[PDB]
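For reference, the chain that follows is the form deposited in one PDB entry, supplied as structure tokens.
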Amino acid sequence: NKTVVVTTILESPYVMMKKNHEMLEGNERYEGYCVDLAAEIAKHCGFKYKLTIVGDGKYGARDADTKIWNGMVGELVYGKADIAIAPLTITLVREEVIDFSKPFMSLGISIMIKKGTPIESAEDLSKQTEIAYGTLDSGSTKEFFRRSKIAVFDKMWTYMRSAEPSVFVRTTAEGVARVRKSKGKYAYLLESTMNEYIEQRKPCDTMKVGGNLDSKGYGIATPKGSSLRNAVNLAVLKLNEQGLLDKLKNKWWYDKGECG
């Protein structure tokens, strides 16, 4: 038996550096929802594992010209990792090159505003110009807008792709900071899960507004032909059915929420 290499991403509250990480070793350096989930998946499937943080800090996209996959998807496609346990969105283009388990969490694209921003919906954002808006610069949210045929989102993509300066951000943290420092003049499009988490964090100056734009899931991903595929899929189902996944969401989102 070989130790399973797990690719993941520093994204709060999924995977975070522990405050005393420099004094700890291996998997013990990290904490969060996905750290807890990895330990359980490994236990139920009967494997030893090593958490690794994706080298380029990205989720996964295929470059238009080079056809090279980056991010966690790349690590799986190119054989650098055996499994991805992360807030990695199940999409058709990804499912064509890797396998996903059944989803372990639901989400949809959503709008983050600085409190008091006169925006209720995606329609509102598309109808006006004073408030800028954007997405994570690589990921499923950007691709949703790029590939969309619905009029509001098509109009939104047409604005976003040509906006100057760039409305796209390198990390979720950068998007959140931009909202917080822009005095209501920037709104951020991000997954409801991350939006909901930030809403419960000091300085309690952001909120989710409106309905989700779509409905999808995060899944645990393996390269095609992985011997882990079946066991991992069944483990996610078992953990959902036994109430663990709901427990972990409560633990990391709400139990220690900082906004009352």
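Between two forms, the rigid core is defined as the largest C-alpha subset superposing within 1.5 Å. Numbers follow the displayed sequence, beginning with 1.
Taking the PDB entry as given, 20-28 carries the higher mean Cα B factor of the two stretches 5-13 and 20-28.
156-164 and 97-105 differ in mean CA B-factor, and the higher of the two is recorded for 156-164. Within the listed group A235, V35, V209, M194, the record reports its top CA B-factor for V209. For the set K58, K216, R62, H44, the PDB entry assigns the largest Cα B-factor to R62. When the modelled residues of the chain are ordered by their C-alpha B factor, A221 lands in the lowest third.
Per-chain ranking of the deposited C-alpha B factor places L228 in the middle third.
Looking at the C-alpha B-factors along this chain, the one for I150 belongs to the highest third. Ranked by Cα temperature factor within the chain, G139 sits in the middle third according to the deposited record. Among all modelled residues in its chain, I113 ranks in the middle third by Cα B-factor.
The same protein also has a form deposited in another entry, omitted here; what follows describes it.
Only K208, out of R229, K216, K208, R201, shows a C-alpha shift of 2 Å or more between the shown form and the other one on alignment of the rigid core. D82: CA moves less than 2 Å between the shown form and the other one after rigid-core fitting.
Once you line up the core between the shown form and the other one, the Cα of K102 stays within less than 2 Å of where it was. In this overlay on the rigid core, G71 has a C-alpha that sits less than 2 Å away from its partner position between the shown form and the other one.
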